[PDB]
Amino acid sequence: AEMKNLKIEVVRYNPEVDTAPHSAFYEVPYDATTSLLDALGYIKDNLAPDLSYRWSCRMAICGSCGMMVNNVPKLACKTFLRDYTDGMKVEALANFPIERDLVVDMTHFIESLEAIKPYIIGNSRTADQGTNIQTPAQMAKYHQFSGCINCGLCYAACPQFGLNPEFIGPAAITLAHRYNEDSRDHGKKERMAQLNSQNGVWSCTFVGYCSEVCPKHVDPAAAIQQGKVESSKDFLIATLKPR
């Protein structure tokens, strides 16, 4: 058969050579199964070997393909050319610094996740005692909030993170919340100061868009609001602690 082509515009940017990013255009063949990631690789293979981008899994689970596509945050590996017959413009993930082409500086994200101490704290149980007991109900408290593949589509989507780059952000808050809600964790006190900050849950104005784009349906908006409730319980208790 003959494969229909597609004129895709990718926004390029070399820091050695460029003053600002600028759009190039590539003609890519496709069928009904062709993902942006497929097409990115194709550009790179036969047209622009200097095309630099992140990826790995190809099944939207490593969380590495994140980029803007017609101004919406998406996983390239889960975005399909058939769905973009009118045009397709590919930019680096928004709200992050462009290092080079479609690669951006994830550091704040990374730094943010680290800041909330996402690990079991202060359970003393040891393996020789066997496992903690956690019931299907106990899990159901945090389970969804544990589905984060750390893509950062939330960060591109959040106008609040754009405006205030010190906002620790939807994912990071979600992840703190996930550990706080684990029956097996006893470390809530150690994550609260971050969330109680103005750079914590209190930067969110519930725009909600995060959760619209989560390719994993984590619903970080819900975790943040639940976090506001916890932050608010926290503040009150602090106010009543004269000791």
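Note that residue numbering follows the sequence shown and begins at 1.
S.K.: State which stretch shows the higher mean Cα B factor in the entry: 153-161 or 98-106.
M.R.: Averaging CA B-factors over each stretch, the winner is 98-106.
S.K.: Looking only at CA atoms, which has the higher mean B factor in the entry: 83-91 or 138-146?
M.R.: Comparing 83-91 with 138-146, the higher average CA B-factor belongs to 83-91.
S.K.: Report the third (lowest, middle or highest) to which the CA temperature factor of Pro118 belongs, ranking only the modelled residues of the same chain.
M.R.: Ranked within chain, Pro118 CA B lands in the middle tercile.
S.K.: Mind checking which third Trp55 falls in for C-alpha B-factor across the chain?
M.R.: It falls in the bottom third of the chain.
S.K.: Ranking every modelled residue in this chain by its Cα temperature factor as given in the entry, which third contains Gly66?
M.R.: Bottom third by C-alpha B-factor.
S.K.: By its CA B factor, does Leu195 count among the lowest, middle or highest third of the modelled residues in the chain?
M.R.: Its C-alpha B-factor belongs to the middle third of this chain's values.
S.K.: Is the Cα B-factor recorded for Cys210 in the lowest, middle or highest third of its chain?
M.R.: For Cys210, the deposited C-alpha B-factor lands in the highest third.
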